[PDB]
2 protein chains.
Amino acid sequence: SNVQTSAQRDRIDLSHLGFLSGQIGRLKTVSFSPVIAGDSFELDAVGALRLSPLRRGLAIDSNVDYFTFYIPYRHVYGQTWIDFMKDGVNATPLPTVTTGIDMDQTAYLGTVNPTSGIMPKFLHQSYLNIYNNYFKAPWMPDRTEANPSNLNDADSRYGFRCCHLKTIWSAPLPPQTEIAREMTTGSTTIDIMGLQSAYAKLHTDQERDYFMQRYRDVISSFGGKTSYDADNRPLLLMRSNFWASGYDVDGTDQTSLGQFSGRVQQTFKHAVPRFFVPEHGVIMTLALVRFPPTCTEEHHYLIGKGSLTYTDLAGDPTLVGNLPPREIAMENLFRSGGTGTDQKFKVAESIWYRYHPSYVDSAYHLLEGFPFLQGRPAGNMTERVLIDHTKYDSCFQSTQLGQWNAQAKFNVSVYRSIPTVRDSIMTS
Amino acid sequence: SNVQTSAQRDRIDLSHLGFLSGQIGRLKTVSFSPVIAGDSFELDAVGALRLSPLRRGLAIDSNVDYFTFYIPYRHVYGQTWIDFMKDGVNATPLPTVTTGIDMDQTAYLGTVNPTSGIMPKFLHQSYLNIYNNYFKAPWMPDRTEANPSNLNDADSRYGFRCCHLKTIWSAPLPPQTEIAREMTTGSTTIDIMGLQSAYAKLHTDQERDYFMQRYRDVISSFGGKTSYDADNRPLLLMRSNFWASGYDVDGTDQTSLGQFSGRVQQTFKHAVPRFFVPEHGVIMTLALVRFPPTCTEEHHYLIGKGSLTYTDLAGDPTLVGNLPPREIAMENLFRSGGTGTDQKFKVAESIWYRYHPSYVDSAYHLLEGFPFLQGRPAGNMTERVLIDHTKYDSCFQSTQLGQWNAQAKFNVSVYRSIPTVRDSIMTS
DNA sequence: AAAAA
DNA sequence: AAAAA
DNA sequence: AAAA
DNA sequence: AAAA
């Protein structure tokens, strides 16, 4: 009888609750919401973050980060998505990915794993794109797992391991750093105009080692700019950063009179400005919890080197600003550090005059309840930069909620051109 | 000695002259200029357009169009361009295309053909992208010639054939237009809720036949928008439209006392607003000359049908707005028109009450000097919409400059971060 | 932006 | 946006 | 007339 | 000091 061809703008409420938990230094999705082209989106999240109960009182605060991204479906499917919308009703169904059989094999995607073992691929593919563009180190290779079932238990359960806060050892110079550059002069002659050309080519190589390892960085150096559709990267909408604090509880019985237990409870807000959605896609929110990288057995570089030369100590501007980067070992910074090839990296020529490390007294070593890196970070450069959550197990009491937990309410309001429920159920 | 690492913004002059010629209704490149990321570009073209001398006086003015487009190199090379800029000095040279051996095998690209037979592919590939996105009919297939040498003599010498100005026969309904839609009702029963669903699916199919045959049109119907990098299309900067006029010259000798000769000479301006160049690429300018599509042996539809029914003549709003599109033949509009399958197309139900054709008296038939389509447009629908320049040969006197010629000065001013000539030649 | 400026 | 508000 |  |  009466065929409907259009719809008014209606206020849709997409608010819901979230019960979240995770580990230290792993990225995990906490909320998502699919969107349609032409929508007007707004988000506001309010909740409280908690850590597991501590073995002692409060010593060090933790840092919490919240992120929101928008990913069009065209970035995930490509040409398949283009033909999908042009065909219309008789379009081919989109491809899928395979998941595991347990209930928690997709916890990093913020959803319960369906019993069928099959789910759409836009959440898994959007997670990889975010990680490879914003969170991993620029010099390490991308993650290219095809299906969620290809991950190990740790990655699927809690998320991918992220990088420590920047220090001398956790933010070294990239591995493709050269300390020498050779030329092909003659046996008894040299071209000096050719020498000038050699320095010019070395300058462009050093630019791409320190600043420009991505395509959008190269364009930015010329003074241009690239849209997020040019390099197929997710669009960041909002970032929030805050510190979590709490209070202490005192024991009052015979045995525990004089000891204390700390609990962390912090309220937060994550507000995203109004956004106009240009195409069909998804909007995802993620969280990250980290501690400042304090190590017990770390000392000053001048203390660790022992025998000091004029270059080390004088701080002469002519020598500091004209020498190639120096290669140092982990032994020079940590007790029992290594000397082999895997314990070697390169730093600035006088970096020790621009920072001072933190000191932990030997009375605090091997003491439960203090969030510390006991000893030194182990492994090669890749394992040294990435955070390992199992090293923080000595700070918390064993519980089923991991190392941190939160409860938040996401206030989502969208203006959508969709027919009402009454229109959908009445034939005439 | 002294190595330079930066440069000031300098005013570069890229002005040059152009001597242009072509045929009626063929797209041809008249100017181009490569650009660098971060540039500030501005263009202003001033010149005069001429036609070949006419066999008689001035009767009909012609229409001239000028276009300017910007095409990044990333649209032409894709991932190859991305790796080119990330590698730096030691990058692999870009691929090339093969050209012909004659001097005029690349005239449609606005350049003289080099004697080596090899040229970069960014001009040829940018020309195809412009034609497939803005000039061909939406329902005809794309042009995908790999090399300039794969074209025929006519296309390479003058350009691709474009479409006539919109009329009843030159702008028909797309060939994928249906006049019926079937359902699968029962032998003695019908579902009426299923009938409502059938109309909904028919509406979406008709939307994609009349309005949305490109991806960016589908997104626009939802109320969203797509950048030119999403569908990899050229960016239009400016369009100019004007008519060309002239005057007449009188003969004064014994034989030609009383006859006249018309010449067309029109000055024009094509100004492009200041543009910020975001990436490396090229900026191209093209021209198009067309005549209004007047045919000698064309008559009214009511005259050609002969026997008139109530639906044809009454103009009743209920019948006009509720009937499927009607299929008519070329015989109903042109003398000696066809009736076979290739001379059939579909129009609106009462299109003849919304326009009136032009009348040419029989005294003007087969008379040299008048720009007309003698008789009818021949061929199938594809050949009927595209303009054929050989039909206008009877209007001009034979000359080496084709059917139109022009002489213009392009004022190009760009702000570029490039070192001076003195910096480039002095070592210190 | 085909339809006098 | 790690570095009291 | 529907957000009955 | 260069746009000598």
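cryo-EM is the method the PDB entry lists for this structure, together with a resolution of 2.59 Å.

So, about the relation of the copies chain B and chain A. Note on the identical chains: chain B maps onto chain A by a rotation of 180° and an axial translation of 0.0 Å, with an RMSD of 0.0 Å. Both copies of the chain, as the preceding transformation shows, are related through a two-fold rotation axis. Taking the C-alpha atom as reference, chain B places B:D229 closest to the rotation axis, 3.2 Å from it. Looking at the interface residues of chain B, 100% of them are also at the interface in chain A, so both copies use one shared face.

Residues and elements named next belong to chain B. Taken as a whole and judged by the stated rule, the model has 9 cavities of 30 Å³ or more. Space inside the largest cavity adds up to approximately 100 Å³. Together, 15 residues line the largest cavity, and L51, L54, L58, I60 and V264 are the ones closest to its centre. Split into classes, the residues belonging to the lining of the largest cavity amount to 11 nonpolar, 3 polar and 1 charged.

Residue and element names in this part refer to chain B. Around DNA strand F, the neighbouring residues are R11, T420 and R422. If you look at DNA strand F and keep only atoms within 4 Å of the protein, 31% of those are sugar or phosphate atoms. In this structure, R11 approaches DNA strand F through a side-chain N or O atom, which is 3.3 Å from a base nitrogen. The side chain of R422 places a nitrogen or oxygen atom 2.8 Å from a base nitrogen of DNA strand F.

Contact geometry of helix α6 (residues 215-222) of chain A with helix α2 (residues 79-87) of chain B gives a least axis separation of 9 Å together with a crossing angle of 65°. As α6(A) packs across α2(B), the resulting crossing turns out to be left-handed. For the pair α6(A) and α2(B), the contacting residues are A:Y215, A:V218 and A:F222 in the first and B:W81, B:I82, B:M85 and B:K86 in the second. Here the residues of the contact of α6(A) with α2(B) are counted per class, giving 6 nonpolar, no polar and 1 charged.

We now examine the environment of B:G315. All names here are of chain B. Here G315 shows up in the loop between α8 (310-313) and α9 (317-320). Residues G315 and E349, 34 residues apart in the sequence, show an inter-C-alpha distance of 9.9 Å. Not counting the four nearest positions on each side in its chain, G315 is found in contact with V320 and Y353.

Here we come to the sheet that holds strand β12 (residues 281-290) of chain A. Remark on secondary structure: sheet strands pair via backbone hydrogen bonds, oriented parallel or antiparallel. Residues and elements named next belong to chain A. Within the open sheet, the 5 strands sit side by side as β8-β3-β12-β5-β9. Their pairing is antiparallel. Every other strand in the sheet has two partners, leaving β8 (160-161) and β9 (235-244) as the edge strands with one partner each. Two strands pair when backbone bridges link them, and strand β3 (residues 26-35) and β12 are joined in this way by 7 bridges, in the antiparallel orientation. Note that in β12 the partner of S33 across the bridge is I283. Here helix α3 (residues 122-134) sits on the sheet and contacts β3, β5 (62-72), β8, β9 and β12; the angle it forms with β12, its principal contact strand, is near 50°.

So, about the interface of chain B and chain A. Between chain B and chain A, the contact holds 40 residues from the first and 40 residues from the second. For the pairing of chain B and chain A, the buried interface totals around 3100 Å² over both sides, and the portion due to carbon and sulfur atoms is 63%. Scanning the region where chain B abuts chain A turns up 10 residue pairs in polar contact. Sorting the residues of the side of chain B that touches chain A by element identifies α2, α5 (192-210) and α6 (215-222) of chain B as the ones contributing at least two each. In terms of residues, the side of chain B that touches chain A owes the most to one element, α5(B), which gives 7 residues.

Residue and element names in this part refer to chain A. Close to DNA strand E lie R11, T420 and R422. Near the protein, meaning within 4 Å, the atoms of DNA strand E are sugar or phosphate in a fraction of 31%, with bases accounting for the rest. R11 is positioned such that a nitrogen or oxygen atom in its side chain is 3.3 Å from a base nitrogen of DNA strand E. A distance of 2.8 Å separates a base nitrogen of DNA strand E from a polar atom in the side chain of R422.

Using the criterion set out here, one finds 38 aromatic pairs over all chains in the structure. Between B:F69 and B:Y134, the aromatic rings sit 5.3 Å apart at their centres with planes inclined by 35°, giving tilted as the arrangement. Residue B:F69 is located in strand β5 (residues 62-72), and its partner B:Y134 is located in helix α3 (residues 122-134); the two are separated by 65 residues in the primary sequence. Looking at B:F69, the relative accessible area reads 2%, which means it is buried. Taking relative accessible area as the criterion, B:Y134 reaches 32% and is therefore assigned partly exposed. Following the ring pairs from residue to residue traces out a cluster consisting of A:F67, A:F69, A:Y134 and A:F135. For A:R143, the ring lying beneath its charged end belongs to A:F160, and the centroid distance is 4.1 Å.

Here we come to a nonpolar patch on the surface. Where nonpolar side chains cluster on the molecular surface, the patch consists of A:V3, B:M183, B:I190, B:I192, B:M193, B:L195 and B:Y199 and spans about 660 Å² of accessible area. Along the chain, the position of A:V3 falls in the segment before β1 (9-13). Relative accessible area serves as the criterion here: at 40%, A:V3 is assigned to the partly exposed category.

All names here are of chain B. Across the 10 residues of strand β3 (residues 26-35), 8 count as buried, placing the element largely inside the fold. Sheet topology places β3 next to strand β8 (residues 160-161); 2 bridges connect them, and they run antiparallel. The residue of β8 that forms the bridge with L27 is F160.

All names here are of chain B. Taken in spatial order, the 5 strands make up an open sheet running β8-β3-β12-β5-β9, and their pairing is antiparallel. Unpaired on one side and paired on the other, β8 and β9 (235-244) mark the two borders of the sheet. Sheet strands in contact with α3 are β3, β5, β8, β9 and β12 (281-290), and its direction is about 50° off that of β12.

Criteria and thresholds
- Residues numbered from 1 in each chain as written, not as in the entry; some residues may be left out.
- Chains lettered and ligands numbered in written order.
- Part of a larger assembly, values for the part shown.
- Heavy atoms only, no water.
- Least-squares fit on C-alpha atoms.
- Contact = heavy atoms within 4.5 Å.
- 1 Å grid on protein atoms, 1.4 Å probe; cavity = no way out; pocket = protein on both sides within 12 Å on 5 of 7 lines; lining within 4 Å.
- Points joined across faces, edges and corners; volume = space filled by probe spheres on them.
- Nonpolar A, V, L, I, M, F, W, Y, C, P; charged D, E, K, R; others polar.
- Near = heavy atom within 4 Å.
- Polar contact = N/O pair within 3.5 Å; in protein donor to acceptor, adjacent residues only side chain to side chain.
- Axes fitted to C-alpha atoms, helices over the stretch in contact; angles between N-to-C directions.
- Helix = DSSP H or I, 4+ residues; strand = E, 2+ residues; numbered from the N terminus.
- Left-handed = near helix turned anticlockwise from the far one by under 90°.
- Pairing = 2+ DSSP bridges.
- Buried area = accessible area lost by both parts, 1.4 Å probe.
- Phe/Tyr/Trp six-rings, centres within 6.5 Å; stacked < 30°, edge-to-face > 60°.
- Buried < 20%, exposed > 50% of the residue type's maximum accessible area, 1.4 Å probe, protein only.
- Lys NZ or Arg CZ within 6 Å of the ring centre and 35° of its normal.
- Patch = residues over 30% accessible without salt bridge, like charges linked within 9 Å, V, L, I, M, F, W, Y side chains within 5 Å.
- Areas by Shrake-Rupley, 256 points an atom, 1.4 Å probe, with all protein chains shown as cover.
- Salt bridge = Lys/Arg side-chain N within 4 Å of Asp/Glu carboxyl O.

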